[PDB]
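**Student:** Got a structure here, written out as structure tokens. Questions coming.
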Amino acid sequence: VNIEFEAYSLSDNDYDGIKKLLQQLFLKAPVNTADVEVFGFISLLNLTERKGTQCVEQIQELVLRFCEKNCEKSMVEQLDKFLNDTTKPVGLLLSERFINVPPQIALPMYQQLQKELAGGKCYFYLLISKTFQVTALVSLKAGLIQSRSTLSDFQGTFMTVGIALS
Amino acid sequence: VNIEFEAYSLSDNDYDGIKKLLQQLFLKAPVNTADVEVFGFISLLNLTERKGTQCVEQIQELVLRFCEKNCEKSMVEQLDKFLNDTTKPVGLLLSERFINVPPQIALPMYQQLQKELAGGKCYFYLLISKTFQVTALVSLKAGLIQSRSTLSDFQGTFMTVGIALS
Amino acid sequence: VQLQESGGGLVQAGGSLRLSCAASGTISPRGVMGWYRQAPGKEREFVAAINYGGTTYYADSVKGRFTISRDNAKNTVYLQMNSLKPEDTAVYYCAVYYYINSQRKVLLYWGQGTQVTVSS
Amino acid sequence: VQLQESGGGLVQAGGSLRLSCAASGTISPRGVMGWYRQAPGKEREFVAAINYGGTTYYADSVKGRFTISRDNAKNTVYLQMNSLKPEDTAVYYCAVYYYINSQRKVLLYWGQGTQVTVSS
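Residue numbers (the numbering used here), protein chains in the order written: chain Y, 14 to 179; chain F, 14 to 179; chain B, 0 to 119; chain U, 0 to 119.
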């Protein structure tokens with residue numbers, strides 16, 4: 014099972030709305046302590062579970078719906094339901110066990126996801142990114158992959174991890 | 014991973030106490046509807062989880078403690094903690110998602126466990142049995158096995174199933 | 000809206016049956032009526048469907064053997080089943096559904112189904 | 000009860016170190032003092048232990064190279080480490096524990112550990 018989506022066609026305020034969407038997600042969970050922009054989350058999943066596969070139906074359906082023709086302004090509203098609907102698997106999985114790691118944790122996890130994506134643990138990622146001042150490029154990557162450990166054993170199943178890089 | 018325990022050395026009131034212990038367990042959960050004695054439960058487990066392996070530590074420790082020399086009257090008290098301690102993985106797993114199936118469901122599941130034990134899904138079973146009037150034999154079998162489906166897809170992970178055959 | 004299936008039964012291989020599904024109420028002109036089958040221990044699969052305007056759809060497994068038709072005045076859909084095979088043995092259910100758009104189907108009503116058995 | 004490790008450091012392979020672990024309070028005569036080591040990215044493993052009566056225990060990896068001893072008047076345990084190998088590089092922790100019975104060990108106190116580095 015693989016599901017990989019990338020969009021380079023976003024508007025500055027589409028990026029800017031989704032960033033706010035992710036930010037509430039951050040503020041809404043436990044916070045932890047002990048150029049380019051990147052924001053999003055990396056959630057570990059178990060596909061032998063009901064939750065695991067119930068999520069995937071939602072994720073796959075969102076991606077299917079993102080493959081609509083004029084489906085671009087809608088991105089920001091469709092993401093609003095997706096991740097903020099607790100009446101739903103993905104919005105529910107992000108209210109429970111969402112942890113906010115500081116950037117020194119986050120960068121290694123981004124970079125390894127970025128390696129693993131380029132070339133057994135089901136990971137769910139949603140990741141926006143801006144490269145500048147001006148804006149040179151805006152990118153929403155979001156996918157379901159099975160790979161090598163990105164978590165440092167510091168993460169459990171249905172544990173989600175916050176990315177926030179500036 | 015395999016863990017299999019059988020004891021044919023029980024007293025009539027050791028059997029009779031454990032039966033009461035299992036019975037409260039039955040009364041304490043949702044009840045479902047749509048010669049020899051056998052009583053116990055069959056609980057499906059996922060070993061890639063924390064819960065799954067936290068249970069096994071308890072199960073393995075109970076079995077280790079059952080391999081003590083004079084450890085027979087203690088069986089009834091040690092089982093009392095084991096399965097009724099919600100401050101503990103196994104006593105907690107039996108308070109959540111314990112389902113009581115009628116005997117027409119239960120017998121097929123016993124019989125298949127009895128086949129699979131004789132000769133990938135981690136199952137946890139605890140099973141007492143009397144063969145008579147008089148008492149000819151009393152048996153406490155209890156183990157951790159990985160096998161073929163005993164549940165009829167009617168069971169989920171960390172779902173436990175009641176056995177009660179008369 | 001209730002859907003009432005009928006015309007199931009036992010038949011020999013190569014034989015024919017005619018299933019009927021009557022609706023207790025008026026089906027919207029947006030309503031598609033479809034037949035689905037469920038073999039023992041299998042999921043429910045699509046067999047054939049017909050829209051209000053008479054456009055027909057068939058599964059590849061029944062194409063050239065089965066013929067769906069609809070009577071709008073009787074609120075009834077028919078499935079003529081010819082050249083029956085042992086693999087056509089299933090419970091056959093009718094359903095009413097409509098499309099919101101090209102990607103979104105809403106199933107509204109299911110019938111209770113009718114048994115078809117094809118003996119060798 | 001605090002346990003204070005000392006005598007860690009850098010040494011060449013084949014060399015020797017003497018670790019010491021002092022307890023801030025009186026250890027019960029039922030108390031066993033043990034050394035444990037944790038290499039980078041590894042679990043904490045047993046090295047050696049000594050009971051109040053001077054009975055010694057060693058891991059097979061250090062047998063014939065290391066010698067544990069205890070001073071009951073100073074509440075101090077020593078680990079003489081001879082013929083050091085690169086694989087002896089770890090943080091070394093002392094602990095106080097006792098046996099309730101033949102199967103049940105209770106760990107009471109852990110020290111903060113001392114670094115040992117064995118260079119090639």
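The beta carbon of each residue, even a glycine, is placed where N, CA and C say it ideally should be.
(1) Can you name, in chain order, every residue of its own chain whose Cβ lies under 7 Å from the Cβ of B:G6, other than the five neighbours on each side?
(2) May I ask you to list the residues that DSSP assigns as paired with U:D70?
(3) Is the shortest distance between the beta-carbon of Y:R63 and the beta-carbons of chain F less than 9 Å?
(4) Quick check on the DSSP output: what are the complete alpha helix (DSSP H) runs of length 4 or more inside the segment 76 to 128 of chain F, in order along the chain?
(5) Nearest chain Y C-beta to F:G132 closer than 9 Å, yes or no?
(6) Along the segment 81 to 103 of chain F, what residues have a CB closer than 8 Å to any CB found in chain Y?
(7) Given 8 Å as the limit, is there contact between the segment 119 to 132 of chain F and the segment 141 to 161 of chain F, that is, 3 or more CB pairs closer than that?
(8) Going straight from the alpha carbon of B:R36 to that of Y:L139, what length do you get?
(9) For Y:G169, return the contacting residues in chain F, with the cut-off set at a CB-CB distance below 8 Å.
(10) Is it true that the CB of B:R29 sits closer than 9 Å to the CB of B:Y92?
(11) Measure the C-alpha to C-alpha separation of F:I55 and F:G175 and round it to an integer number of angstroms.
(12) So what does DSSP say about F:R63, is it helix, strand or coil?
(13) Taking C-beta pairs closer than 8 Å, name the residues in chain F that Y:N59 reaches, listed in chain order.
(14) Count the C-beta pairs between the segment 103 to 110 of chain B and the segment 80 to 94 of chain U that are closer than 8 Å, then say yes if the count reaches three, no if not.
(15) By Cβ distance below 6 Å, which residues in the same chain neighbour B:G33 in space, the five residues on each side in sequence not counted?
(16) Nearest by alpha-carbon distance to F:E19: which of F:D29, F:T148, F:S165 and F:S142 is it?
(17) So the alpha helix (DSSP H) F:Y28 belongs to, where does it begin and stop?
(18) Could you check the C-alpha separation between B:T25 and B:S60 for me, to the nearest Å?
(19) Run the CB neighbour count on Y:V44, radius 10 Å, all protein chains shown included, and call it buried at 16 or more, exposed below.
(20) If you drop the 5 nearest sequence neighbours on each side, which residues of the same chain put their C-beta closer than 6 Å to that of B:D87?
(21) What distance in whole Å lies between the Cβ atoms of F:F171 and F:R110, which are believed to be in contact at a cut-off of 8 Å?
(22) For F:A42 and F:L107, I'd like the C-alpha separation in whole angstroms.
(23) Opposite F:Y136 in the DSSP bridges: which residues?
(24) Looking at C-alpha atoms only, which residue of Y:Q36, Y:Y21 and Y:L60 is the closest neighbour of Y:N97?
(25) Would you call Y:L58 buried or exposed, if buried means 16 or more other Cβ atoms sit within 10 Å of its Cβ?
(26) Could you give the distance in angstroms between the alpha-carbon of Y:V76 and the alpha-carbon of F:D166?
(27) Indicate the three-state DSSP secondary structure (helix, strand or coil) for Y:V147 in the structure shown.
(28) Return yes when the Cβ of Y:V103 is within less than 9 Å of the Cβ of Y:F145, no when it is not.
(29) Alpha carbon to alpha carbon, how far is B:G13 from B:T55?
(30) Our contact map puts Y:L40 next to Y:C135 with C-beta atoms below 8 Å; I'd like the distance itself, whole angstroms only.
(31) Straight-line CA distance for B:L83 to B:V76?
(32) Spatial neighbours of Y:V151 within its chain, please: CB distance less than 6 Å, with the 5 preceding and 5 following residues excluded, ordered by chain position.
(33) How many angstroms separate the CA atom of B:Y98 from the CA atom of B:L9?
(34) Identify whether F:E50 lies in helix, strand or coil by the three-state DSSP scheme.
(35) Tell me whether F:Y21 is buried or exposed, calling it buried when 16 or more other Cβ atoms sit within 10 Å of its Cβ.
(36) Buried or exposed, going by whether 16 or more other CB atoms sit within 10 Å of the CB of Y:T100?
**Tutor:** Answer, in terms of the structure:
(1) Cβ neighbours of B:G6 within its own chain (closer than 7 Å, five residues either side excluded): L16, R17, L18, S19 and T113.
(2) When DSSP reads this structure, U:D70 sits in a beta bridge with U:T75.
(3) Residue-level contact by beta carbon holds for Y:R63 and chain F, with a gap shorter than 9 Å.
(4) 87 to 97 and 102 to 106, all fully within the segment 76 to 128 of chain F.
(5) Judged by the 9 Å Cβ criterion, F:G132 is not in contact with chain Y.
(6) Sequence-ordered contacts of the segment 81 to 103 of chain F with chain Y are nonexistent [C-beta pairs closer than 8 Å].
(7) Taking 8 Å as the limit for Cβ pairs, the verdict is that the segment 141 to 161 of chain F does touch the segment 119 to 132 of chain F.
(8) Using only the alpha carbons, I get a separation of about 39 Å.
(9) The CB of Y:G169 comes closer than 8 Å to the CB of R63 in chain F, given here in chain order.
(10) The Cβ atoms of B:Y92 and B:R29 do not sit closer than 9 Å to each other.
(11) The straight-line gap from Cα to Cα measures roughly 7 Å.
(12) When DSSP states are grouped into helix, strand and coil, F:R63 belongs to the helix group.
(13) What Y:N59 touches in chain F, judged by beta-carbon distance under 8 Å, is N59, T61 and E62, going in chain order.
(14) No: fewer than three Cβ pairs fall under 8 Å.
(15) Excluding five sequence positions before and after B:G33, the CB atoms of its chain that fall closer than 6 Å to its own CB belong to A48 and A94, given in chain order.
(16) For F:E19, the nearest C-alpha among the options comes from F:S142.
(17) For F:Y28, the enclosing alpha helix (DSSP H) has its first and last residue at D25 to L40.
(18) Straight through space, the alpha carbons of B:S60 and B:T25 are spaced by roughly 30 Å.
(19) Y:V44 should be labelled exposed.
(20) Counting only Cβ-Cβ distances below 6 Å, and skipping sequence neighbours, we find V117.
(21) Your pair F:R110 and F:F171 checks out as a contact, with CB atoms roughly 6 Å apart and the cut at 8 Å.
(22) Roughly 9 Å between the two C-alpha positions.
(23) F:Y136 is bridged by DSSP to F:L57 and F:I158.
(24) Its Cα nearest to that of Y:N97, the residue Y:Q36 stands out among Y:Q36, Y:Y21 and Y:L60.
(25) Of the residues assessed, Y:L58 falls on the buried side of the cut-off, its CB having 16 or more other CB atoms within 10 angstroms.
(26) Computed Cα separation, rounded: 29 Å.
(27) Y:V147 falls in the coil class under three-state DSSP.
(28) No; because the gap between Cβ atoms is not below 9 Å, this pair is not in contact.
(29) In this structure, the alpha-carbon of B:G13 lies about 23 Å from that of B:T55.
(30) Contact between Y:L40 and Y:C135 does not hold, since their C-beta atoms are separated by about 27 Å, which reaches or exceeds 8 Å.
(31) Cα atoms of B:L83 and B:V76: separation of roughly 19 Å, rounded to the nearest angstrom.
(32) So the list reads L23, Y28 and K143, once near-sequence residues are dropped.
(33) Computed Cα separation, rounded: 35 Å.
(34) In this structure, F:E50 counts as strand in the three-state DSSP scheme.
(35) Label assigned to F:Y21: exposed.
(36) Y:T100 comes out exposed.
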